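Only one structure is covered here, and it is reproduced in the block below.
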Amino acid sequence: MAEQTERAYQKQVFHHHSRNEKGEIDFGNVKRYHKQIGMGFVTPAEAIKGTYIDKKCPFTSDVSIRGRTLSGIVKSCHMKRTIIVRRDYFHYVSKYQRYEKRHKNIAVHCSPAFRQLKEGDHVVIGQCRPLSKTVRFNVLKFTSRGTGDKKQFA
Amino acid sequence: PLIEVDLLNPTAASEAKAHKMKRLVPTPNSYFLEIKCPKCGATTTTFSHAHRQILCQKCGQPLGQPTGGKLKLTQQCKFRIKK
Amino acid sequence: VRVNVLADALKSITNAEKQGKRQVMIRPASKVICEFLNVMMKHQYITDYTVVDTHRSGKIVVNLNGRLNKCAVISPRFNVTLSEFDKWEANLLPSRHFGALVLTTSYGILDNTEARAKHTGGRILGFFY
Amino acid sequence: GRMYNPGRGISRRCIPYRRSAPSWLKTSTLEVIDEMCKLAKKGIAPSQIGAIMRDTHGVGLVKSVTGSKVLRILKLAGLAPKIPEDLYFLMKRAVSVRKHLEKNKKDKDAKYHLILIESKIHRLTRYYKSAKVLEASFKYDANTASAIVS
Amino acid sequence: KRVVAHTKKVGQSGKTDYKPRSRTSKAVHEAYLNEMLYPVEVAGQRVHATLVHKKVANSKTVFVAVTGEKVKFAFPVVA
RNA sequence: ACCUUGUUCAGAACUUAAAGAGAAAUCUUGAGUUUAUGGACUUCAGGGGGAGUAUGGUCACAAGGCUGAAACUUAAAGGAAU
RNA sequence: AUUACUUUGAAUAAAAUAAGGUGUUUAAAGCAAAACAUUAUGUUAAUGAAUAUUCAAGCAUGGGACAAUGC
RNA sequence: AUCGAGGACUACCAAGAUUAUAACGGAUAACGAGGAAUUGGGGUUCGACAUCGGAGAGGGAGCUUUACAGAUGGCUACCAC
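Chains as they are written, first to last, in the entry's author numbering: chain sm, 1 to 154; chain sC, 2 to 84; chain sr, 2 to 130; chain so, 2 to 151; chain si, 100 to 165, 189 to 201.
Listed below in structure tokens is the structure:
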């Protein structure tokens with residue numbers, strides 16, 4: 001009712017009707033599909049109880065999570081269902097035997113399951129199929145951090 | 002110094018001369034004392050380097066004046082060191 | 002400001018021995034400073050030391066006996082791989098029998114000889130002839 | 002040395018090597034807390050509160066008697082001021098210099114020292130925000146500090 | 100009675116034991132030392148390290164007497 | 001208070017050195033602790049000219065300021081001391 | 001709790017570099033030839049250098065001293 | 001639409017994306033790598049060319065056959081021969 005804000009009807013990838021109390025398929029409702037991703041990642045309660053619809057959410061769709069897995073800090077949360085993650089690493093210059101600070105920005109997809117995700121939070125991301133021109137990752141978990149009077153939520 | 006003394010067992014006189022911080026184990030040069038009042042018999046305990054007017058607890062024969070580093074007790078105020 | 006306490010300590014010790022002083026005092030004490038002295042004692046470069054407790058990161062007094070030519074700390078502690086040992090000794094030590102490096106490793110703070118025996122590298126602290 | 006000028010003084014205090022209360026001291030924590038509690042209600046800085054106890058009550062170190070510092074005691078009673086004491090006194094001086102500067106526009110040394118004072122404020126405000134003492138919404142402003150400091 | 104907790108170390112593997120700071124070996128031994136001495140108060144503390152059979156010996160001596191650590195309580199040597 | 005002395009903290013300096021350093025003059029509250037080379041950070045220099053010039057950018061009411069070359073030319077220019 | 005550091009590995013095209021053997025008459029080469037079995041037989045189902053690398057990333061493993069983010 | 005993800009393209013919606021840790025530009029007498037020359041250690045310079053990967057057939061562009069080509073010792077058109 002609140003997720004049907006587009007011109008088309010929003011449905012899950014795997015939508016099936018539940019059985020009524022009499023034991024026959026009840027066409028009057030659709031089961032909320034939710035799967036569990038792999039290497040030690042728990043499904044947030046919002047992906048179970050929540051009523052949002054997303055075809056790119058790793059918990060409620062057919063997008064898989066493949067080998068590559070990284071981590072970083074949320075940089076911007078202005079775009080819809082997408083965030084920018086910044087990774088800070090050190091690059092070793094052989095001649096001077098000293099490291100130098102570098103950074104790279106990764107555009108990752110943030111499902112509506114993570115509602116309390118704001119700028120500056122620590123986020124673990126996983127790699128999936130290309131979901132856009134640049135979005136090729138997906139948020140798997142996040143931890144809140146200190147505030148800076150700018151609570152820019154997703 | 003070209004001539005050198007023991008650095009673990011400094012003499013009592015040598016430690017007294019040194020700055021309050023540059024001793025082996027730094028110690029304050031101040032102390033706590035009590036002052037018998039000229040007016041009454043009560044003894045008011047106060048810091049050696051007090052930074053305010055010191056009054057008796059009974060009355061107020063003011064017993065000391067703060068002067069930039071040590072209390073200026075009145076000439077008739079007798080004190081002993083609280084150990 | 003005091004960035005490296007170990008650098009301050011080793012400069013105090015080297016300065017004392019060039020003047021022929023019998024014992025020297027180091028104001029800030031640390032675990033790393035104590036470990037560096039213990040390595041220097043095992044090679045009999047300093048007679049002994051005592052640590053006074055001042056409740057304020059107390060002081061250390063080191064007794065010297067005409068044997069410590071120069072002990073110096075090494076600025077930023079490079080990550081010394083086991084294959085880079087003899088490259089460092091060839092640069093910092095006078096010969097192949099005289100001096101010894103000091104390294105901080107997961108097995109404690111050790112000189113180059115026994116760190117080679119324990120088969121472990123780490124950051125380099127300093128040296129002494 | 003000092004932060005802003007080449008002066009270098011070592012005028013310090015010397016805590017004795019005795020973390021417990023001296024033998025001659027007999028007042029318990031109840032009298033110390035309430036005496037400190039009454040002083041806080043009178044609008045006295047924590048630095049001055051301890052001095053009054055030391056000079057008058059002979060309690061030179063409060064941590065040696067109660068086991069906790071003055072600010073910790075005041076926070077438990079809820080009497081700790083919202084603006085930290087050291088930051089508050091710095092904004093009191095910036096206001097005072099600014100007021101003098103309104104009438105004396107040609108004073109070029111007061112403008113320099115006001116700049117140094119305000120730089121100190123931005124250093125302390127940044128630190129206290131990382132220590133979560135001040136909420137991130139806090140911000141020092143000349144048009145506002147005259148009222149809160151007053 | 101006091102308890103010295105286990106620590107995590109970095110690679111760890113495992114868990115925490117809730118150490119606050121009053122449960123550290125340093126604090127517990129200092130708390131025991133002060134409580135044990137009670138009337139007496141400690142005003143000095145010196146550790147002497149020397150070579151004993153190619154090994155270092157940290158001879159702690161609680162000084163000015165006015189767990190598992192062998193200590194030598196004594197008065198001021200010359201005061 | 002003024003003045004004469006002991007100690008100690010901070011400040012501008014001064015004298016001696018068979019010692020340390022440096023090309024030497026000289027420096028010693030460092031210009032010392034440096035081929036036995038590594039305490040922390042920033043700025044600047046690369047033979048002499050051409051030249052702080054031309055052009056481009058920017059600031060100024062203006063004079064000017066900040067940034068700032070190249071072509072070509074030349075075995076020296078320079079520092080301290082006898 | 002991670003990261004960094006460090007020790008072992010996994011996995012990773014050759015040629016080339018280093019390096020093992022081999023009398024191309026030596027040598028640069030080649031990876032073949034034989035040493036002796038007087039060799040068909042036998043060494044023999046003969047050699048292929050372990051051929052090692054290797055930095056910056058990535059994966060696993062033992063340690064947590066020195067460090068960063070812890071929270 | 002494609003063998004297929006994908007603003008690859010279209011319609012509607014929102015204002016986002018990168019940058020002093022050097023984006024966007026400019027130069028290269030620049031194809032990248034294994035490697036080569038010289039080196040006490042550290043390094044400096046080179047690598048069109050054995051082998052691996054990329055791109056091209058005078059200049060662009062558009063296509064046919066087929067499992068694989070935007071093929072040129074295939075075709076069509078324009079420019080220069």
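Note that the Cβ used here is the ideal one computed from N, Cα and C, for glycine as well.
- Partners in chain si for sC/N10, counting only beta-carbon separations shorter than 9 angstroms: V199, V200
- Item | Of the residues so/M37, so/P7, so/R124, the one placed nearest so/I74, counting alpha carbons only | so/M37
- Taking the beta strand (DSSP E) that sr/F37 falls in, what are its first and last residues? No beta strand (DSSP E) contains sr/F37, which is instead part of the alpha helix (DSSP H) from 32-43.
- Message: When you compare the CB of so/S29 with every CB in chain si, is at least one pair closer than 8 angstroms?
- Response: no
- Query: Do sm/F41 and sm/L140 come within 8 angstroms of each other at the CB atom, strictly closer than that value?
  - Reply: yes
- Message: Tell me the residue span of the alpha helix (DSSP H) that contains so/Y129.
- Response: 109-131
- Item | Residue range of the unbroken alpha helix (DSSP H) whose run includes sr/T15 | 6-19
- Query: Does the distance from the C-beta atom of sC/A51 to that of sC/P67 stay below 8 angstroms?
  - Reply: yes
- Message: Give me, in chain order, the residues of the same chain whose beta-carbon lies closer than 7 angstroms to that of so/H114; leave out the 5 immediate sequence neighbours on both sides.
- Response: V98
- Classify sm/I25 as buried or exposed, calling it buried when 16 or more other Cβ atoms lie within 10 Å of its own Cβ. exposed
- Mark si/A148 as exposed unless 16 or more other C-beta atoms lie within 10 angstroms of its C-beta, in which case mark it buried. buried
- Task: Could you confirm whether any beta carbon from chain sm is found closer than 8 angstroms to the beta carbon of so/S151?
- Result: no
- Please report the residue range of the beta strand (DSSP E) in which sC/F80 lies. 80-82
- With 8 angstroms set as the bound, which would you pick, yes or no: does the beta-carbon of si/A142 sit closer than that to a beta-carbon of chain so? yes
- Task: Please check if any C-beta of chain sr sits within less than 8 angstroms of the C-beta of si/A148.
- Result: yes
- On the premise that si/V161 lies in contact with sC/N10, defined as a C-beta separation below 8 angstroms, what is that separation, rounded to the nearest angstrom? Not quite, the Cβ-Cβ distance comes to about 17 angstroms (not below 8 angstroms), so this is no contact.
- How should sr/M41 be labelled, buried or exposed, when 16 other C-beta atoms within 10 angstroms of its C-beta is the threshold for buried? buried
- Of the residues so/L117, so/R13, so/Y129, so/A137, the one placed nearest so/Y5, counting alpha carbons only: so/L117
- Query: What's the gap between the Cα of sr/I125 and the Cα of sm/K95?
  - Reply: 18 angstroms
- Query: Who are the Cβ neighbours of so/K64 in its own chain at under 6 angstroms, not counting the five residues just before and after it?
  - Reply: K70
- Can you name the start and end residues of the alpha helix (DSSP H) that sr/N92 belongs to? 86-93
- Query: For a contact meaning CB atoms closer than 7 angstroms, what does sC/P29 contact in chain sr?
  - Reply: Going along chain sr, no residue has its Cβ under 7 angstroms from sC/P29, so there is no contact; the nearest lies around 13 angstroms.
- Query: So which residues of chain so does sm/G148 contact, with C-beta pairs closer than 8 angstroms?
  - Reply: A137
- Spell out the partners DSSP gives sm/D88 in its beta bridges. sm/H103
- Task: Answer with yes or no whether the minimum CB distance from sr/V2 to chain sC is below 8 angstroms.
- Result: no
- Message: Residues in the same chain with beta-carbon distance under 7 angstroms from si/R122, minus the five sequence neighbours each way, listed in chain order, please.
- Response: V102, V103, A104
- Under the three-state reduction of DSSP, which class applies to sr/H120: helix, strand or coil? coil
- Task: Measure the alpha-carbon distance for sr/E85 versus sm/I73 and round it to whole angstroms.
- Result: 36 angstroms
- Item | Run of the alpha helix (DSSP H) containing si/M135, from where it starts to where it stops | 124-136
- Message: 8 angstroms is my cut-off, CB to CB: does sC/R53 come that close to chain so?
- Response: yes
- Query: Taking the alpha carbon of so/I122 as the point to measure from, which residue in so/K104, so/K76, so/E103, so/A146 has its own alpha carbon closest?
  - Reply: so/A146
- Query: so/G79: buried (16+ other C-beta within 10 angstroms of its C-beta) or exposed?
  - Reply: exposed
- Query: So does the stretch 111-123 of chain sm actually touch the stretch 5-19 of chain sC, counting three or more Cβ pairs closer than 8 angstroms?
  - Reply: no
- Query: Considering sr/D49, what are the terminal residues of the beta strand (DSSP E) in which it resides?
  - Reply: 47-53
- Message: For sr/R23, tell me which candidate among sr/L83, sr/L65, sr/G122 has the shortest Cα-Cα distance.
- Response: sr/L65
- Task: Find the nearest neighbour of sC/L64 within the set sC/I55, sC/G70, sC/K71, judged by alpha-carbon distance.
- Result: sC/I55
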